[PDB]
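One chain comes next, on its own, written as structure tokens: the form deposited in one PDB entry.
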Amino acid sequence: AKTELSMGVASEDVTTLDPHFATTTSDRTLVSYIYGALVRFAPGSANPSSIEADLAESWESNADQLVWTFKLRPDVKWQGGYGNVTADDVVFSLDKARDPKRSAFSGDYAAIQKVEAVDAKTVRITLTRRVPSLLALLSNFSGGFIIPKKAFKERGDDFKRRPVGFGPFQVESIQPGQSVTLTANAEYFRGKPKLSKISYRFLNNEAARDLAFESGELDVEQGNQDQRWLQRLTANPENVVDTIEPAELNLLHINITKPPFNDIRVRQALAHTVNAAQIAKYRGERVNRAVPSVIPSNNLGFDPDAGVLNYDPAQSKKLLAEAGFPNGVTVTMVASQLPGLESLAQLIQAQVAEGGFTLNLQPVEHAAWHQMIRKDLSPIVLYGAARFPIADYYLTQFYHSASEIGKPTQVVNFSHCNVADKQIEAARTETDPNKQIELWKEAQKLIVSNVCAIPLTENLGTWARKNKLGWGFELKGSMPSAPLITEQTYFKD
């Protein structure tokens, strides 16, 4: 049968295939095909209850949950002839993942004191203090992916373009700004993939990607957040549409240190002229939902009563006049050209005019935009993301003062939020389910009332596949909100 898969994504190019840096949906998707981790989510699940053995066959923890020991499978081979995956590779990968100079995700691993290779198949992880879930940090997402020490040392700066994993697919070549050619890893420990090749194509323009999928040029295509796309794609019986967990939350992160937004009244005015319920209704309720807090709704610790500011543009105009702006405010936002973020920025632009805001949009290619926002080049950041569904992840990365832009510990705190540090830190080490949740809720209320970030809608991942393609499992979720392609993915006869 057919063994070559063609896939079209809303992206211009590959930025990095080093999993300690892969941040864009497209880079994270490619990284999920190439690498594995000590533990993994079950294929087709984005649910932490599915976390199971991957490179690590089994594990043990002590009673205080500070010392974790992992027993590695002995049969796991690296791609590109780097031999067996050893405890030394895990030590190197995790030491790199927890280093802010060699990883974008070091903050997640702050509690790790040391990572030791007890023997060639045994890894011991020692924590300084308790974490909500150590297994979460070691799963096949963000900094959890394992890389070879020897391959990274040899390739250095080229590793991001010539990745080496133990996953079911390997990168054969990159055609910059066009595609990534992946081939089956014949030595994959769970068995040889049914697919021989993946042609992963950069087709950012939605109308062009839709034409390529309709003609049969693509077997898989990324969709958008519009219910019209969903309806059109379902109408043709040769297609299957997938709405994938987790939902990515979009927020307007306001830099609270920059005038005019250093006055809480101006931030409140903006929050009162945004209409998240209207965005969800306009886009479609099956894929989109307004979120009554600053973290995604599927998070453990989510606050449905965080106190989100209501739609009242008459109050926005009154607050602006009180702040010394009787004829409104003009704001210039550096906006991503990822089509979903672009259309969302345009809906916000129309909405905020009601409350006296003239929002100007400076469009920039998605990956370049990712680095500009991380240099404080935008007064407001329209950012979309899902994290491991424990409140600590989203809260720390986006709203803890250590994560603010300009610090060596920076993550994605574009707002420069510093009002919930105590609550975030306290919740991390609290083991009681209810007490931990209360601290997370307190943090959400403080972030909302300070108007550090304005929540909009969260969106499930939307993809279309041809009938002939089988994922090899039921696809409910995948941590990057993009389909997972494994050794089980195949074309039907």
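All residue numbers refer to positions in the sequence shown, first residue = 1. Whichever C-alpha set is largest while still superposing within 1.5 Å between the two forms counts as the rigid core.
Absent from the display: the form deposited in another entry. The rest refers to it.
| request: Identify which of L252, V131, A271, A247 has its C-alpha displaced by 2 Å or more between the shown form and the other one once the rigid core is superposed. | output: None of the others reach 2 Å, which leaves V131.
| said: My question is whether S449 is one of the residues whose C-alpha shifts by 2 Å or more between the shown form and the other one, given a fit on the rigid core. | reply: Not so; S449 is displaced by less than 2 Å.
| field | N62 C-alpha moves between the shown form and the other one by 2 Å or more, core aligned | value | For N62, whose C-alpha is compared between the shown form and the other one after core superposition, the shift is 2 Å or more.
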